[PDB]
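S.K.: Take a look at the following structure, please.
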Amino acid sequence: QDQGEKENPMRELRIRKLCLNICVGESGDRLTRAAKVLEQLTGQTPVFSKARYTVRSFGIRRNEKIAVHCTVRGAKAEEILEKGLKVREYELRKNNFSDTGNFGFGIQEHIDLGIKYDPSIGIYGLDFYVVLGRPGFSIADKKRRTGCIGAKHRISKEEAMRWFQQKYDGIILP
Amino acid sequence: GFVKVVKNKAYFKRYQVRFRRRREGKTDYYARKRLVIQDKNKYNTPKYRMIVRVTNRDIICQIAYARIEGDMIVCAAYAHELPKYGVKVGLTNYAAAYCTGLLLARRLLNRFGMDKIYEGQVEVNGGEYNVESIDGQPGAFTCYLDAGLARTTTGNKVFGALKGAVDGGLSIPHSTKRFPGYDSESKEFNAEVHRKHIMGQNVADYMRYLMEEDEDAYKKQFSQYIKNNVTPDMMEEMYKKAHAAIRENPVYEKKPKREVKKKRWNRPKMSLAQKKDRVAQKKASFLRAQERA
Amino acid sequence: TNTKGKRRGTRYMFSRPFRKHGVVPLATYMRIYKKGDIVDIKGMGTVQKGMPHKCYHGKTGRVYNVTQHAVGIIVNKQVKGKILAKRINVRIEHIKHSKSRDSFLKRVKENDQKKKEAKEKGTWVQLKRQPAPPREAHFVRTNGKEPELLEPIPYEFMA
Amino acid sequence: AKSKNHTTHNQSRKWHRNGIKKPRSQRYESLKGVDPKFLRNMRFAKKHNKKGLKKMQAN
Amino acid sequence: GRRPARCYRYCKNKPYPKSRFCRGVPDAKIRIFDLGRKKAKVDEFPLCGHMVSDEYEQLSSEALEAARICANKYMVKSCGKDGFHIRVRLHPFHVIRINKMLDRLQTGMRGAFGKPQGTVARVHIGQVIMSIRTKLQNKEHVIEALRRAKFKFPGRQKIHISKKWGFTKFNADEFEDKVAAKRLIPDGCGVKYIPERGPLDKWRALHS
RNA sequence: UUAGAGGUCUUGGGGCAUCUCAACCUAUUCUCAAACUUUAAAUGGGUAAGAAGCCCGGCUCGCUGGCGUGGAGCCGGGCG
RNA sequence: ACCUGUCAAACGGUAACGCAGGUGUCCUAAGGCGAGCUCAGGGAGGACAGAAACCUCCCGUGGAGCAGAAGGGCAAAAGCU
RNA sequence: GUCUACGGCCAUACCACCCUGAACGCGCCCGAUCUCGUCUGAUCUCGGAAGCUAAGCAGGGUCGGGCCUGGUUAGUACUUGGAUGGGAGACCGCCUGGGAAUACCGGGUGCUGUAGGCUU
């Protein structure tokens, strides 16, 4: 309608960022393999995450590098998400969507996404998370005159699904 | 009902609102205390600062001192009066920042009678310059930069206006660092790179880079430059001519006030009678509707 | 016996008022104190430097020295039957101007100007303050309305 | 063996017998404790008050 | 095992509650304060009676337990086990101490600060001790039950029939009119008070 | 720290498609604090109620300083 | 010999082998300055992952932390890097 | 009638949700050659001007929560001073002065300083 056309510029859904995370309870040369996996998939150097507390049953110590993660934005994030949704064959559940307008899924095999298996690398999977947003969402991140994004400008759990079905022709099952 | 409500009645009862300009995100009161407070044995002596604020479309330069009921602006120069001096486009870039600072400096010295005594540095170079007071003459005006919430990094446009003001004749303490020509790996300052930024050569290089690479992208990034016929070759002369114009006539002519018809563009507050009546008819409508059904 | 600690028993006197914590308002640093003016001492716990001792909280003295951030004050302190004029250095945050002196300086002004007006007008005007005099004689009108008759109420045992 | 520990009894009576005298006030007070940099200037100001005596006398 | 109640009666100390400063306090003898049909609505127990204190003293938890038991036993026999509701309006929060019961120990008044012995409730003049709500026809039984519970308390108490409706704070003469005019919404044993000082949606729900 | 009431995600339980309890939440309710408090007395403590004051004119300074700036000091004069 | 809250009777001072506690240290940083961030907790999501691993959004007046006990103070702080 | 830059007092200014926003501005917004900084031009820094008031921001609204202010509570609670007052005590009354705080019920919902615009 007329309202929809005039709202198309600024009230438009887009992917703010794609968050890729690989968590392995070990350190050392084990997670160095995971870092190269994200390096090949995204073209970006990932960053390691340390354990907040010490848990003996998980075999992790405080301040020990455990996970690797990376954030991808732009058309690169669009293409990496397309590959991950391909593996999941465009199928998500309703519970995969949060009340804040975001969603995520998991891929078990990194090899089948983009690359070929190498003898030195492992068998790690990874986690996808999509942070959806609208144009004026950066005012909560800026330093000078920061503000909240308003109530009607936020994304709900419903319109997140609608964007998934309209763009990727996806299916949501209960 | 699943989880305990955090923003409950008791939460608001003992909530303390921040300062108004803290919760607007405009004033960092940690820096303001250390910047505007005068020593107590300097009774009534004004402490001057130079406010430089870069908005999306304008650069604002002001000189102010603090008083109990509020700041006095002794002088202000905006970047949107640069078309009067020749600069029609790029009113928020480093070159325009230098001009706004220079205009603020010349305008203030003219008011105080020190324009002829303190000429600053007319021949522009990026090198370090500081005004020294002349014996027997009135001393040099001393000011301190107020960068606000701007991240002070090398090449920040607040230091562009600082350079224009110190070149105009104001005594503002600073280091040659944080100017665009400073090098982090060598810890050396190159005045030529700084001078290029003052004349907008880094902008002219971008224009030439875009014309060679993609004409369509060049028009998109520079449309008002083309509409105003600002060629990359004439940018240095345009900024040089603007500097002379500011130095020759820095006085500001106020826009004449026009009497207009007072038309309200906002809703006035409803009175007690209106608010009470509205509840009366809302109650009556609910009773009537429930009776009809 | 109890301790000789400097901040013993200042749990409430150096605490900030309710919903008045946080940044010190900047006009307190902008108040100007000259040599000879009278200031009230009131320690603020937000600033721990230049803090007056608890025995000077609520005391009033006059400025004898002005420094970059602090002020020297001549304050009377009672010590076991003798009053001595102590000299203490207090940062600006813990003091404020005393309004009793400002009121008196105003009264001196209106007195001097009333003398000048009286001399120029050839009249005499009262300048000394006087205690509240006995109420003057006056009439009270009933307006044709009888006074309402009051009477003690019966006793009732409530809950 | 055991005795009294502390009391302020009869102390206020002792104090008021000779009075709680306020400190004496003088028109000129001590410059002890005021800013040394401020003292140095004031002495220089007093030292050179002799100059301008001719202007003071004429005025 | 316990001292006579005359040793602890006159509220001679500051309140000394159970806290991180006072540990090792034995549990109070009274642990149940509401008895009878607690689930009854406002409209079924309109009459209320109080045992009002007439002295400034402290009553032991044992005394509160004894009075509650004997008041309950009478009102069950006379009014049935589901024809009343008793509320003890006093909680023992003050801790009373005892000095040591008397070679290897320091005798005398040396180090004489005591250990917790029990709990008492400080009561003021005109303060309600116990309350009973019942039907209007059981007035004589309420007075009798509270009269017998008087003998368990040291000082002087007065029995008063309230002018309010049950355990609520609203007068019995205006209670029914307020409920009809929707100013008082019953909820549980008590009632809720509805002002005209909220969003109109609540008013819509009440009148729908 | 006492008691009912209205809803429900329930890594809860019990009697048996389940249903009641417990848990949690929400709005109420009884009773409290020397080492708790939004509020907050009475009686307290400090200061001031002029000639060492007030108002004019001038001089000095190496301190402060856009400035005829500011601050302090000093010299005259007037006003009971 | 010292320190915190209370006693202590709303200035200060105030006793008992009164009550509740702490001290004879610890730190080249946990001293100083600058910059950039926001903490406890909770809700909703995400492969292995579960009451507790890590990633993301939201709420969060401080309910965390500031080495020692306690009181005060503190949020583009005095907290973290 | 409003805005911007810098503020003063720091909720009558905050919080939740809805409506409206002319013109300047403030923004959202477009981009990464240079300055600068990142895992990520998201933030920060820089160069802009195709679009948009959806958001921030402003004004209004809500028998709105909070906040401010006033009634009530109440001459109640408490309290200076007094008596060869009462009472076995606990405690209470009176004379002489001062004098509160919830619940409950109303009203209000930023004022303003310096400098510079728009309302032509």
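Cβ coordinates were reconstructed from backbone atoms using ideal geometry, including for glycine residues, and neighbour counts include every protein chain displayed. Just so it is clear, none of the values below were taken in a lab; they were calculated from the coordinates.
S.K.: Could you give the angle, 0 to 90 degrees to the nearest 10, between helix B:272-292's Cα long axis and the longest principal axis of the Cα atoms of chain B?
M.R.: Here the helix axis deviates by roughly 50 degrees.
S.K.: Ok, one more. Going by alpha carbons, how many degrees (0 to 90, nearest 10) lie between the helix axis of C:99-121 and the longest principal axis of chain C?
M.R.: Taking Cα atoms only, the helix is inclined about 50 degrees.
S.K.: If you average the C-alpha positions of region A:30-50 and of region E:141-173 separately, how far apart do those two centres end up, in angstrom?
M.R.: 78 Å
S.K.: Under a cut-off of 18 Å between alpha-carbon atoms, report the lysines in cross-link reach of A:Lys152, not counting same-chain residues fewer than 8 places apart.
M.R.: List returned: A:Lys6.
S.K.: Please report the relative contact order for region C:58-159, taking Cα pairs under 8 Å with a sequence separation of at least 6, and give it as a percent rounded to a whole number.
M.R.: 13 percent
S.K.: Which of the listed residues, B:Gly120, B:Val36, B:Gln201, is farthest toward the dipole's positive end in the protein assembly as shown, when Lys, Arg count +1 and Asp, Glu count -1 at the beta-carbon?
M.R.: Farthest towards the positive pole: B:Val36.
S.K.: I've got another one for you. With +1 on each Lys and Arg Cβ and -1 on each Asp and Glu Cβ, and nothing else charged, work out how big the dipole of chain A is about its Cα centre, in Debye to the nearest 20.
M.R.: Around 980 debye, computed over chain A.
S.K.: Can you figure out the FRET efficiency of B:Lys177 with B:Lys220, using R₀ = 41 Å and their beta-carbon distance, to the nearest 0.05?
M.R.: 0.70
S.K.: Now a separate question. What GluC sites (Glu not before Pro) in region B:1-88 are in a loop by DSSP, with at most 15 other Cβ atoms within 10 Å of the Cβ?
M.R.: Counting only loop positions with at most 15 other Cβ atoms within 10 Å, the GluC sites (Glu not before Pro) in region B:1-88 are B:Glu24, B:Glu69.
S.K.: Could you give the distance between the Cα centres of region B:28-49 and region B:230-261, to the whole Å?
M.R.: Their Cα centres are 33 Å away from one another.
S.K.: Excluding same-chain pairs closer than 8 in sequence, count the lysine pairs in region E:86-184 whose Cα atoms lie under 25 Å apart.
M.R.: 26
S.K.: Taking a ≥ b ≥ c as the square roots of the Cα gyration tensor eigenvalues, with a/c under 1.5 meaning rounded and otherwise prolate when a/b beats b/c, else oblate, which class fits the protein assembly as shown?
M.R.: Oblate is the answer for the protein assembly as shown, as a/c is 1.5 or above yet b/c matches or exceeds a/b.
S.K.: A further question on this structure: Let me make sure I get this right: for chain B, a, b and c are the square roots of the gyration tensor eigenvalues over alpha carbons, sorted descending. Under 1.5 in a/c it's rounded, otherwise prolate if a/b > b/c, else oblate. Which is it?
M.R.: Verdict is prolate for chain B.
S.K.: From the phi angles alone, apply the Karplus equation (6.51, -1.76, 1.60; θ = phi - 60°) to region B:212-225 and give each ³J(HN,Hα) in whole Hz, x where the residue is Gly or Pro.
M.R.: Taking θ as phi minus 60°, the curve returns 6, 7, 9, 5, 4, 5, 5, 5, 5, 7, 10, 9, 6, 5 Hz for region B:212-225.
S.K.: Any idea how many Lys pairs in region E:1-90 come in under 25 angstrom at the alpha carbon, given 8 or more places apart or on separate chains?
M.R.: 18
S.K.: With +1 on each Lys and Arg Cβ and -1 on each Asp and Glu Cβ, and nothing else charged, work out how big the dipole of the protein assembly as shown is about its Cα centre, in Debye to the nearest 20.
M.R.: 7680 debye
S.K.: Okay, moving on. Please report the antiparallel percentage of the DSSP beta bridges confined to chain B, to the nearest 5.
M.R.: 80 percent
S.K.: Going by how many other beta carbons lie within 10 Å of each one, how would you line up A:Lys142, E:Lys18, fewest first?
M.R.: Lowest count first: A:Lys142, E:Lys18.
S.K.: Also: Rank A:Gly106, E:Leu200, A:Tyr53 by how far each Cα sits towards the positive end of the charge dipole of the protein assembly as shown (+1 on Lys, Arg Cβ; -1 on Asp, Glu Cβ) and give me just the farthest.
M.R.: E:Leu200
S.K.: Could you give the nm distance between label points at D:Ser3 and B:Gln137, where each point is 7 Å from its Cα heading toward the beta carbon?
M.R.: 8.3 nm
S.K.: So if we plug the beta-carbon distance of B:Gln121 and B:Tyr144 into 1/(1 + (r/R0)^6) with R0 = 22 Å, what FRET efficiency do we get, rounded to 0.05?
M.R.: Between B:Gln121 and B:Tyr144 the formula returns 0.65.
S.K.: Please find the FRET efficiency linking C:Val23 to B:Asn8, where r is the Cβ-Cβ separation and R0 is fixed at 22 Å, and quote it to the nearest 0.05.
M.R.: Taking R0 as 22 Å, the efficiency between C:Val23 and B:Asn8 is 0.25.
S.K.: Next question. Apply the a/c threshold of 1.5 to the C-alpha gyration tensor of chain C and tell me whether it is rounded, prolate or oblate.
M.R.: Judged from the Cα gyration tensor, chain C comes out oblate (a/c at least 1.5, b/c at or above a/b).
S.K.: Something else: Between region D:41-59 and region B:185-227, what is the C-alpha centre distance in whole Å?
M.R.: Centre-to-centre distance over Cα atoms comes out at 64 Å.
S.K.: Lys/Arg Cβ at +1, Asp/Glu Cβ at -1, dipole of region C:37-159 taken about the Cα centre: which of C:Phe104, C:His138, C:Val39 is farthest positive-ward?
M.R.: Selected residue: C:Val39.
S.K.: Can I ask one more? With +1 on each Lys and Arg Cβ and -1 on each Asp and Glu Cβ, how big is the dipole of region B:220-293 about its Cα centre, in debye rounded to the nearest 20?
M.R.: The dipole of region B:220-293 has a size of about 1120 debye.
S.K.: Also: What base-10 log of the normalised intensity I(q)/I(0) is obtained for chain E from the Debye formula, alpha carbons as equal point scatterers, at q = 0.10, 0.18 Å⁻¹?
M.R.: Each listed q maps to, in turn, -0.56, -1.19.
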